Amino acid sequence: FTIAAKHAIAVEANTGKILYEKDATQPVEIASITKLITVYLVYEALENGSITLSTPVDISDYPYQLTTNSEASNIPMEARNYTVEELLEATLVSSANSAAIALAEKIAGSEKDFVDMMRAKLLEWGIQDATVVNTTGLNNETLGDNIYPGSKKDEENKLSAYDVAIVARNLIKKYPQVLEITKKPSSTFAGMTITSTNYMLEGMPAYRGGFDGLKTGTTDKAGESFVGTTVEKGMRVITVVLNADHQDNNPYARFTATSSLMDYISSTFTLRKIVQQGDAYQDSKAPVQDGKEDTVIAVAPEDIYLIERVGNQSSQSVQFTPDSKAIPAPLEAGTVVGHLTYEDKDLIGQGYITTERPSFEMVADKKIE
């Protein structure tokens, strides 16, 4: 299998395990996919409390004018003051650039400061090959004089599909709420109706059962790009397709390509349940040094699944409970007492988009002393 896109990568959301890749490390233009990094700082400000969903946000000259004549996906904002939630919805659903900019100025005072924030955030995540000059994903030539100091006039943000995967993963894992927005095939923006650019959602042309994200992006340099997330066959997959080959008879090539990528993933990988909730994966105990002494049976207290290729000579060694060494009492039933780690030997690409390999907590199913 090969994808009809210049660059792409697919990962299982939870573990960040790589399922498919094609030139996933070369930084390239990502257009509006940029708004994901943007939206992460917004939720982080909502969480910190500095802003709230109903907080009124002014819309300055720069973002406001950008909407009267800038063939930049936007929506009327003649009231120049909208809710954080309203802009958030406008940003993720319609890719409105003035929505993005507005939120940025609200959070950092200026798009520039906001960019420094997104540059810092990326470095936190271990992404050190990114190029961020704006919060929208547009090309600077579209921003005239409102470009980052030092940036070139035709510069564009750049991230690798690998990098994007990380971003998408961190966002979904830390702020699952975002899905309640990207999910909507249409919403309301202070009265008028906005339409999603994601055509794989409910009631849309390129619908594919399970989808509910994440962000499209199109630019001459970025091509037809789309970050999509979905739950297929019980597994959450994050998809990044960024530069779908342009097909003349299919405006939805980026989604077709994504749908194509998922047919591969679902027929190639599956989630085999290894441990049942309440049970123990190898009469598996963890030390306590005060009461009973021998055992706590450390047990799964949710069902544990692992990604597995289908067909593979005998299978995986996720045998492994370590404890965390022999601990004091009393030990309450339910407390974490060890971890089951999957020693994955079927690494695709760099294997994982995280330096951590999957480990699931094993709980104590009895009290001691």
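Numbers follow the displayed sequence, beginning with 1.
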Given 165-173 and 130-138, the range whose Cα B-factors average higher in the PDB entry: 130-138
Selected stretch [higher average CA B-factor]: 248-256 or 294-302: 294-302
Residue selected from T239, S110, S284, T268 by maximal Cα B factor: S284
Candidate residues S50, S317, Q26, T55, the one whose C-alpha B factor the record puts highest: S317
Ranked C-alpha temperature factor of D116 among modelled chain residues, by third: lowest
Relative C-alpha B-factor of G228, binned into the chain's lowest, middle or highest third: lowest
Cα B factor band for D323 (lowest, middle or highest third within the chain): highest
For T68, the third of its chain into which the C-alpha B factor falls: highest
Third of the chain's Cα B-factor distribution that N146 belongs to, per the entry: highest
